[PDB]
Structure formats: C-alpha cells, structure tokens
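Structural features, examined
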Amino acid sequence: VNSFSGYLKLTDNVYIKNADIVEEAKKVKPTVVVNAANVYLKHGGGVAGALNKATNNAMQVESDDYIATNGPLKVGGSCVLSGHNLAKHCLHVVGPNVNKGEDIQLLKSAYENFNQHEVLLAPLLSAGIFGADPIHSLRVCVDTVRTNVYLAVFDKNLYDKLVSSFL
Ligand SMILES: O=C(NS(=O)(=O)Cc1ccc(Br)c(F)c1)c1cnn2ccccc12
C-alpha cells in the first residue's frame, strides 16, 4: 500500500490520472518521478521545464554537471539523479522526439528503463511536444513496463480519449 490517490487501474501494474505530474509529485513525494528528458538534459519545456521550474532550477544545475562529466544520454536511455523537492529520485528518460526524426521503435527501449524501479510516477513518453501518438505511447507502456507505474496525463481531453480507447 502506497500514497497515490484517485488513479484509474488499467492493468495489473499500470494506473492513470488526469493530473499535472509536478503537482502530483509535490503532494505524493514518490520514490521516483520520471522526467521526459532530452539527451542533453536541457529542461526547457513540457514535463522537464515544469519539474525543473518547480526545483527552482536545481534540477538543471545538477543535470549540467552530469552532462559535463558523462556526456549526453542515448535516445531510449536514462539516468538517475536527485528528485530534489519533488521525489527521492528523478529518472530522466529520453523517448524519441518524432519532431526531430528519431525512430519511434526506440519508445519501447525508453519504457524498459522503468523496469529498474519498483514504483514510478511518470508522464506519457514521447507524447505532447515530443510529437508521437499518445494512444500508441500508452499501448507501448502497458506492453513493456512490468513494475508499478502511475501515469499523470496533463490534458483532460487526452485523458478521456486514452481511457475511452484503451483496449
Ligand atoms: O506531459 C504531460 N502529460 S502527457 O499526456 O504525457 C503529454 C501531453 C501533455 C499535454 C498535452 Br496538451 C498533450 F497533448 C500531451 C504532463 C503531465 N504533467 N505535466 C506537467 C507539465 C507539463 C506537462 C505535463
């Protein structure tokens, strides 16, 4: 028994809610929050910018040090950094950005990173400003992640569409 509230159960291990992931993280303070990162860990917009802004830019400062030491992530890759005021840890995961010509097949690889963590608060990877079909992202999530994932989808219209079309 954990502290997540108001989620709709989709499968044995996948749950969903129409919520802002930043507000959810501030309220729950989960072990792991997932960031929709890019390979440079440049947190300007979407989930990354909003989490980062909520950390008063401490996430970006930590991220720049990580990149200066390790170089960029791979598309489909991840790294674990601090969750600052929002979570114990932040799992920065790079889904393919369709708007940059990245291979959508890498979305499954991106979701595989979630399997290294027992429980996660996460957004829908490659959705919104990353340019991929959100219904597809949810399908890949359900078919790839085996650990307990609590999904926060910002858009009510999209949330309702995701639930109503879910197989
Ligand atoms: O990215 C999120 N949810 S989402 O479903 O995965 C992708 C998505 C987001 C907004 C729109 Br409009 C859309 F069409 C698709 C999301 C969840 N909290 N949060 C907070 C700040 C910014 C973003 C987010």
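All residue numbers given refer to positions from 1 along each chain's written sequence rather than to the entry's numbering, and residues for which no coordinates exist are omitted. No hydrogens and no water enter the side-chain calculation; it runs on all heavy atoms of the structure.

The name given to the chain in the PDB entry is Non-structural protein 3, with Severe acute respiratory syndrome coronavirus 2 as the source organism. Listed in the archive, the entry goes by the title "PanDDA analysis group deposition -- Crystal structure of SARS-CoV-2 NSP3 macrodomain in complex with ZINCou000000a2Hm".

So, the layout of surface pockets
The cut-off we apply is this: Every definition here rests on a 1 Å grid over the protein atoms only: cavities are sets of points where a 1.4 Å probe fits but cannot get out, pockets are open sets enclosed by protein on both sides within 12 Å along at least five of seven lines, and lining residues have some atom within 4 Å of a point. Grid points are joined across faces, edges and corners, and a volume is the space filled by probe spheres set on the points. Each helix is a run of H or I in the DSSP string that is no shorter than four residues. Each strand is a run of E no shorter than two, and both are numbered from the N terminus. Only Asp, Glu, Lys and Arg are considered charged in this grouping, and only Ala, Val, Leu, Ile, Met, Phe, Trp, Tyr, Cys and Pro are considered nonpolar; every other residue, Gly among them, is considered polar.
By volume, the largest pocket amounts to about 460 Å³. What lines the largest pocket is a set of 23 residues, and nearest its centre among them are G46, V47, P123, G128 and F154. Where the lining of the largest pocket is concerned, the elements lending two or more residues are helix 1 (21–28), helix 2 (46–54) and strand 7 (148–153). Looking at the lining of the largest pocket, the element that brings in the most residues is helix 2, giving 4 residues. Here the residues of the lining of the largest pocket are counted per class, giving 17 nonpolar, 4 polar and 2 charged.

Points about the site of the ligand
Let me state the cut-off plainly: A molecule or strand has a residue near it when one of that residue's heavy atoms lies within 4 Å. Counted as a polar contact is a pair of N or O atoms within 3.5 Å, where, for protein atoms, one must be capable of donating a hydrogen and the other of accepting one, and residues adjacent in sequence contribute only when both atoms are in side chains. For a cavity or pocket, the test is whether more than half of a molecule's atoms lie within 2 Å of its grid points; if they do, the molecule sits there.
Near the ligand lie 15 residues; those nearest to it are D20, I21, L124, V153 and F154. In this structure, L124 approaches the ligand through a main-chain N or O atom, which is 2.8 Å from an oxygen atom. A distance of 3.2 Å is found between a nitrogen atom of the ligand and a backbone nitrogen or oxygen belonging to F154. For the ligand, the cavity whose grid points lie within 2 Å of the majority of its atoms is the largest pocket. Looking at the shell around the ligand, the elements that each hand over two or more residues are helix 2 and strand 7. When residues in the shell around the ligand are grouped by element, the largest group, 3 residues, is from helix 2.

Regarding the side chain of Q60
Applied cut-off: For this analysis, residues touch if any pair of their heavy atoms sits within 4.5 Å.
Locating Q60 in the fold gives a position in helix 3 (residues 58–70). In this structure, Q60 is in contact with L41, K42, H43 and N52, ignoring residues within four places of it in sequence.

Side note on the packing of helix 5 (residues 134–144) against helix 6 (residues 156–164)
The geometry of a pair of packed helices is captured by two quantities: the angle between their axes and the separation between those axes. To keep things clear, this is the line we draw: Helix axes are fitted only over the stretch in contact, all axes being lines through C-alpha atoms; the angle between N-to-C directions runs from 0 to 180 degrees. In what follows, roughly perpendicular refers to angles from 65 to 115 degrees, roughly parallel to angles under 35, roughly antiparallel to angles over 145, and oblique to any angle outside these ranges. In this scheme the handedness of a crossing depends on how the near helix is turned from the far one: anticlockwise by less than a right angle means left-handed, clockwise means right-handed.
At a minimum axis separation of 10 Å, helix 5 and helix 6 run at an interaxial angle of 55°. Here helix 5 is positioned oblique relative to helix 6, judged by the angle of their axes. Once helix 5 is placed against helix 6, the crossing between them reads as right-handed. Contacts from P134, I135 and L138 of helix 5 reach helix 6 at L158, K161 and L162.

Re helix 2
Short version of the rule: The classification of residues rests on relative accessible area computed with a 1.4 Å probe and restricted to protein chains. Under 20% of the type maximum is buried, over 50% is exposed, and intermediate values are partly exposed. In this description, one arc is meant: the one made by directions from the helix axis to the C-beta atoms.
Among the residues making up helix 2, those that are buried are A48, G49, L51 and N52. Across the axial projection of helix 2, the buried residues extend over an arc of 165°, all falling on one side. Packing partners of the buried residues in helix 2 comprise helix 1, strand 3 (32–36) and helix 3. Downstream of helix 2 by one or two residues, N56 has phi in the positive range, about 60°.

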